[PDB]
Q: 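Sharing a structure here in structure tokens format.
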There are 4 protein chains.
Amino acid sequence: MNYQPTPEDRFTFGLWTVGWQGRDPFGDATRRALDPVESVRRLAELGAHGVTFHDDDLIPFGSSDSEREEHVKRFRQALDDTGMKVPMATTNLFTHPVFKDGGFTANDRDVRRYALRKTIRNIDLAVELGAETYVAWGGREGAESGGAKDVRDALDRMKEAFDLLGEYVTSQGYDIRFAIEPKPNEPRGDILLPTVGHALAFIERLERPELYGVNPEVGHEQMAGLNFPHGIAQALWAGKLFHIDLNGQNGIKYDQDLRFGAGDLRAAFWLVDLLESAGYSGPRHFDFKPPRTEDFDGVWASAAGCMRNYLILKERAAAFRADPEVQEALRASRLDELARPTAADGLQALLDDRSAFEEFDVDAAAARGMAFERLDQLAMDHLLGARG
Amino acid sequence: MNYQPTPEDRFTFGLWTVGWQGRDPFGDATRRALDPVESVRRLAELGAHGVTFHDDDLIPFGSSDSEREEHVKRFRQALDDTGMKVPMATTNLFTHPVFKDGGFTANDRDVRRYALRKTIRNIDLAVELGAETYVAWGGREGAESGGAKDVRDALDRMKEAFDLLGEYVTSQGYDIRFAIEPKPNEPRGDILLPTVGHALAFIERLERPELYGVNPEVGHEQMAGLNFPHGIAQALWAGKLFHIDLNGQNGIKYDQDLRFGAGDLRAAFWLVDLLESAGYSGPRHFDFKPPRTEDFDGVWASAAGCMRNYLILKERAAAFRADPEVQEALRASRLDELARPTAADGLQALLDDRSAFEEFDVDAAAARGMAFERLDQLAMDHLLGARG
Amino acid sequence: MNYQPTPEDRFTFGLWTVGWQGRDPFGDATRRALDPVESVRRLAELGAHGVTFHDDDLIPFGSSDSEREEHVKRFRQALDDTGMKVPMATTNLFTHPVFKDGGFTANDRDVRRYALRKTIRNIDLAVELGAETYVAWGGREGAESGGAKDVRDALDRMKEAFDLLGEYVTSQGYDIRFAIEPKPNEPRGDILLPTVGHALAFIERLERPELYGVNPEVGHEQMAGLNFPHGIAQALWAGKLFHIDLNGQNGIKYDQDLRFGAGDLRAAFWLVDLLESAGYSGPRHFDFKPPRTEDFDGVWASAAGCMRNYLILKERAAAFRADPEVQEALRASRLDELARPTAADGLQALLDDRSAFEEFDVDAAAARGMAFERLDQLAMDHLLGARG
Amino acid sequence: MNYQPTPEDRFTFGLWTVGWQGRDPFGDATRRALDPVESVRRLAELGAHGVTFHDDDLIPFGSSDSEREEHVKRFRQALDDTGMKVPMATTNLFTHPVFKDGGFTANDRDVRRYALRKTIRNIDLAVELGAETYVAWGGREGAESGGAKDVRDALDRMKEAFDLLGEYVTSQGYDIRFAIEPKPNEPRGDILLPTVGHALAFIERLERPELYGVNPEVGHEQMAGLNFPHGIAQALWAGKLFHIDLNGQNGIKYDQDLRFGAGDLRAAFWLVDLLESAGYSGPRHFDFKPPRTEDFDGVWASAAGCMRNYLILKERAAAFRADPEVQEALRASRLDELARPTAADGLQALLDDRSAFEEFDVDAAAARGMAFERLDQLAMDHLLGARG
Ligand SMILES: [Mg+2]
Ligand SMILES: [Mg+2]
Ligand SMILES: [Mg+2]
Ligand SMILES: [Mg+2]
Ligand code: NI
Ligand code: NI
Ligand code: NI
Ligand code: NI
């Protein structure tokens with residue numbers, strides 16, 4: 001069994017992932033900076049499909065227009081030399097001290113206008129480079145204390161910001177959609193739109209909701225103790241899974257951003273099963289941090305492992321679903337019945353149906369086991385490659 | 001300072017709260033059952049406005065129609081004798097073994113039809129007793145294992161169920177709205193619609209969304225580590241806060257349902273500040289469990305304390321907002337600016353505005369402190385009644 | 001590959017595990033009670049080595065001495081007929097309402113004396129049946145509120161209780177040791193001795209510490225977000241791992257008690273690696289609850305799966321440690337150096353050693369990568385049976 | 001009511017607390033560096049008793065001996081000019097990249113010897129400045145992955161390190177004790193000795209345990225969902241509370257280090273009640289980070305608020321314990337009985353005592369309520385200054 005990725009697998013990486021220098025709240029960098037060109041080349045050699053960037057990863061904050069142009073031209077040449085694509089881009093509205101109280105929801109109105117202008121400039125660049133999705137991660141939108149932020153006013157400001165961005169895109173005629181990335185906390189004590197559900201709900205209040213989806217990250221929903229495959233199912237059900245960030249997280253703690261497959265391994269299996277069976281066709285993007293224990297050899301080993309673990313889990317999920325004994329077990333657990341309408345006959349027929357209440361044998365129904373444990377042990381056996 | 005509740009304060013209690021006998025996963029009941037009539041009388045004497053019920057709290061599961069009628073007539077007489085109201089009602093779709101895999105999203109189709117019929121019968125009763133809101137808590141909708149539940153199919157079934165309920169209500173001409181109560185886990189390993197955000201998002205996919213809101217519970221959002229006042233702000237912003245359940249919870253663990261004011265006390269303060277400043281006009285309902293250490297005297301002491309703590313926090317939040325030094329601090333932290341539009345001048349003017357980018361002094365902006373710590377210490381001083 | 005357990009594998013089960021009827025805080029039993037004799041027989045057929053019990057699982061609370069004698073005689077015959085052993089026993093000091101504020105640390109002194117007497121009576125029975133370890137799980141020792149329990153007084157009472165139990169055992173000449181089982185919460189809001197560390201620390205203050213060890217449970221340390229293999233390593237390091245309870249838990253929430261291998265699968269792998277490489281020789285006991293969705297067929301499927309998952313992980317951990325490439329990777333990550341003394345040369349030599357400070361090249365040291373990511377991907381490959 | 005601290009209150013602050021520049025994992029510094037001399041002066045003016053330091057906060061990493069001497073002389077003059085004391089000091093073994101895999105438990109043996117030498121040099125300085133307690137926080141001792149660290153070997157290395165430090169102190173004749181500071185995670189995925197219990201247990205295996213205690217931090221135990229006052233009670237019970245770090249934390253997430261009184265306010269009340277009623281006489285040290293939203297005015301406001309909130313809670317805990325109605329409630333809840341021995345009469349008398357088992361009326365005992373809810377509402381009323 002080997003598991004070599006190819007660009008057709010649509011694996012992508014942010015520049016800031018393999019380029020993370022290892023600075024954490026308690027320690028200095030353990031690695032030197034990587035030139036974006038070198039990252040593109042190394043990732044292409046590993047079998048990646050593409051890369052993504054924040055404005056500030058590519059063009060140093062404060063660069064002159066002429067320095068701007070040269071950074072972009074070198075990057076473009078790297079993409080041309082390797083066949084790598086740029087499917088997604090985003091804005092850094094969190095590192096510079098001016099964003100210490102947020103970008104779109106900063107209390108200072110002048111900061112909010114600046115955040116919008118910085119964003120628009122990068123949307124134009126994203127379109128130029130061929131990106132299809134523009135992510136917004138409002139990492140500084142939130143508060144450490146209750147009186148610092150009136151959340152209804154802040155949501156008004158957030159809606160206003162996204163509405164203006166949609167006006168811009170439509171007026172310019174750009175073929176790009178937005179994806180909001182939720183996170184419950186860190187670096188703010190609580191972040192606005194903390195989960196996939198809150199982001200989905202917010203989108204429905206925007207002026208042009210069809211332009212907006214979610215970019216969920218495995219570790220972020222897990223920082224709220226939530227079931228990531230369930231949240232992705234809800235996003236797929238809503239037609240809003242525009243992009244996805246893959247990584248690993250061990251429970252409720254700081255955002256670890258481990259390589260994909262690390263952290264909750266069974267959740268990774270059910271996630272891949274869901275993405276492949278739903279036919280999600282977008283990038284498989286890894287937003288991860290090689291641990292700061294590693295040198296550059298360990299950075300590339302960690303990046304390769306992201307892709308490797310996806311392909312192993314893809315093979316095991318596929319074998320699970322194709323196994324005749326598993327298909328029989330799904331029927332024994334009535335997954336087929338779950339998929340049938342409860343009352344296609346309609347309300348009136350349901351009300352008139354004595355077998356649904358008056359004559360329903362609740363005791364006999366209650367006695368039926370669901371057979372879920374046998375089903376779940378077949379899933380475990382498939383995951384571990386122990387089928388017998 | 002005294003803090004006596006009156007029915008005008010709109011405090012309400014479920015029958016199942018003061019009536020909880022103390023059975024937990026590891027122990028037998030520590031208290032005898034309470035007759036609903038006796039509960040109505042005792043709560044009226046404490047100053048409560050009303051009570052709520054599950055079908056099965058009022059009418060024993062399996063009761064004959066004639067026994068049904070007598071249970072209702074005695075209850076009605078109790079309400080008549082005391083002036084107590086019944087603003088909300090709900091269905092028990094979780095205790096009986098037939099619901100072990102859910103009600104609306106059970107894999108067995110016959111169980112799903114039964115759950116709908118049991119619900120409709122209680123909606124009619126709720127209307128008869130004057131309830132304005134019908135809550136749905138899908139405590140068994142979910143799974144312990146990944147293959148047991150296809151969540152997209154389950155959401156189809158959940159939508160189907162709520163759509164049929166809305167058809168029923170509209171066809172009957174009833175003046176009642178629905179409120180979905182989220183919970184992330186317990187008793188299932190993961191519960192569908194685990195947070196206020198996921199429930200809000202789901203509602204937007206229903207056929208008649210205006211009939212549906214949320215019933216958030218303080219402890220449930222806290223079981224996901226979320227900021228409850230922030231989630232309530234989002235529900236208010238959306239126009240969907242139809243009902244609310246007040247209690248206390250100490251962190252991420254099993255659902256404690258402590259009396260209101262216990263658990264996260266500062267969160268209770270910011271919640272009351274928000275409810276009163278938004279002019280929420282619905283019931284202040286307590287869904288709590290007197291600890292099983294208590295006898296009946298401690299049950300009524302715990303219930304009284306729920307109301308007492310609300311009224312103390314209401315007085316402290318009001319004093320905070322009325323304090324001229326606090327109003328000056330809110331301006332120093334630019335809460336006034338948060339409430340002003342970022343760009344009422346419009347996209348084009350924003351793009352043409354050199355002071356928003358080209359000439360914006362990012363360094364000067366970054367240097368401005370937000371003054372949030374002084375604001376939060378004034379809030380602490382007000383909460384503790386230590387103002388100087 | 002097959003994975004059939006035999007009694008030499010020392011797998012054991014509590015009567016209360018497969019016998020759990022499915023009652024949870026929100027629902028009635030979904031299964032009928034099992035006779036202990038039938039459980040012994042079914043578990044023997046599955047390949048179990050032995051069973052464990054609480055006093056009240058075997059002898060109904062309040063039984064007459066003569067009824068007591070018959071329950072024991074039937075049970076003994078079942079053990080004789082099957083070859084099953086009883087390596088551990090414990091006391092129920094949590095179900096009866098008299099224990100609502102604890103057993104050994106109840107505020108009421110008469111309850112504390114009763115708890116000791118109930119315990120001693122079962123120790124005699126445990127010895128008669130051949131148990132080597134007596135577990136104490138103080139599930140009701142704790143509090144929901146801060147003033148209810150003075151924890152220093154409560155620890156005095158807890159020490160007093162365990163000291164008296166050790167006096168009893170030594171005076172009777174019994175060959176039995178005690179194992180304290182920690183749990184952070186549930187059913188009390190906070191439980192005393194909440195983690196393996198707190199229990200280890202407490203033991204050192206007892207009069208005869210050598211008689212006491214810990215019985216850690218996978219899910220309990222995980223309810224505090226802790227690393228279970230790390231806590232077991234500390235218990236092994238201390239010489240105090242007398243018994244262990246195996247199950248699965250998905251994160252910080254209510255105590256799920258899933259079958260072993262469910263929940264955090266990578267943690268299960270590192271745990272088995274540690275137990276087998278340390279040569280832990282005690283029982284592999286499963287304290288788990290077959291989900292209440294299951295009928296009796298699913299109960300036995302869940303029990304079998306506990307044993308199956310242990311044996312698969314045992315095979316994968318063994319292959320990992322035996323793999324020459326893994327041994328080379330451990331050396332590349334300097335695990336060999338971790339095992340060598342830092343300063344066997346002694347304090348004075350260390351102080352005189354200029355290469356340890358004055359002449360140490362901190363920059364060169366800092367540049368060395370730890371190679372942990374490659375090591376961890378070899379572990380992942382072994383776990384998934386994907387080695388190439 | 002006013003609440004002005006004086007040096008007799010023994011409030012202390014680390015240099016790194018008010019001096020935190022605001023750099024977090026996602027953002028640059030928002031404040032300029034503070035000179036230690038200026039911090040000493042400002043804190044003295046606020047009423048602080050003293051300051052603490054890491055070696056590297058006072059003497060820049062890599063400083064020449066002569067630069068070392070000047071940094072110390074200026075600092076000493078500041079202490080002399082203000083009357084401020086230095087009760088505790090510690091070592092930075094976490095910021096420099098050489099410590100990326102730990103200090104005392106780094107896999108590289110040469111790094112471990114360096115960490116010891118760096119520590120010893122600062123112990124000498126601590127003694128010179130008058131410190132009584134030397135803290136060790138092993139923030140890098142731990143792992144992100146299971147094979148990276150053999151925890152039994154790592155504990156051997158940790159014991160070896162602390163044993164050598166105790167040899168040094170005793171051989172030099174220094175009057176200083178060590179205090180180990182636990183933390184469950186961050187910056188490592190899991191940190192060794194993650195809680196107060198694990199640190200207490202470890203100490204008992206050291207060669208000279210009387211030289212070692214714990215330095216618990218409010219937020220750290222709360223990052224594991226634990227009850228901080230309960231853990232402090234266990235440390236007091238053991239005679240090992242040598243120092244304490246006060247701050248605030250909102251639940252299980254990244255280490256917030258908010259000002260004391262923020263986060264879990266009721267836990268802060270029960271902590272102060274316990275410290276004052278046990279007569280803890282050590283420093284009240286604040287290890288906190290003024291949020292990076294603040295300018296220097298907000299830094300000093302946050303520091304003042306730490307002290308203010310301690311003094312308010314001290315007044316409320318004292319009023320609670322002195323209230324005759326509270327003393328009557330404590331007796332109603334049998335706290336007096338908790339403090340009496342269970343069996344001072346001895347094992348034999350207990351075994352012979354028919355009223356402890358044979359004739360004990362379990363039903364009557366079970367019926368007695370504990371009256372904890374009334375007690376806890378009196379505590380709430382006292383905390384909020386609402387007594388009536
Ligand atoms: Mg991301
Ligand atoms: Mg509720
Ligand atoms: Mg157990
Ligand atoms: Mg600290
Ligand atoms: Ni992340
Ligand atoms: Ni609840
Ligand atoms: Ni458990
Ligand atoms: Ni901290």
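Each ligand, and each atom within it, is numbered from 1 in the order the structure gives. Every chain is numbered from 1, with letters handed out A, B, ... down the list of sequences. All values below were derived from every heavy atom in this structure, side-chain atoms included, with hydrogens, water molecules and symmetry-related copies excluded.
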Q: Please round to the nearest 0.5 Å and tell me the distance separating atom CZ of B/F228 and atom CD1 of B/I244.
A: 4.0 Å

Q: Starting at CE of A/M223, measure out to CD of A/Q256 and round the result to the nearest 0.5 Å.
A: 9.5 Å

Q: Do C/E221 side-chain atoms and C/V196 backbone N/O form a donor-acceptor pair below 3.5 Å?
A: yes

Q: So C/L275 and C/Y310, do their side chains get closer than 4.5 Å, heavy atoms only?
A: yes

Q: Quick one: name the protein N/O/S atoms under 2.8 Å from the Mg ion (ligand 1), chain by chain.
A: A/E181 OE2, A/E217 OE1, A/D245 OD2, A/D287 OD2

Q: So A/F286 and A/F11, would you call those rings parallel, tilted or perpendicular, with 30° and 60° as cut-offs?
A: tilted

Q: At what distance, to the nearest 0.5 angstrom, does CG of B/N247 lie from CD of B/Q222?
A: 8.0 Å

Q: Regarding A/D57 and A/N92, is there a side-chain donor-to-acceptor distance under 3.5 Å anywhere?
A: no

Q: Strictly under 2.8 Å of the Ni ion (ligand 6): which protein N/O/S atoms qualify?
A: B/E217 OE2, B/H220 NE2, B/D255 OD1, B/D255 OD2, B/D257 OD1

Q: Tell me the closest heavy-atom pair linking C/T90 and C/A136, and the distance in Å.
A: OG1-N, 4.3 Å

Q: What is the ring orientation for C/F178 with C/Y134, classed by angle as parallel under 30°, tilted 30 to 60°, or perpendicular over 60°?
A: perpendicular

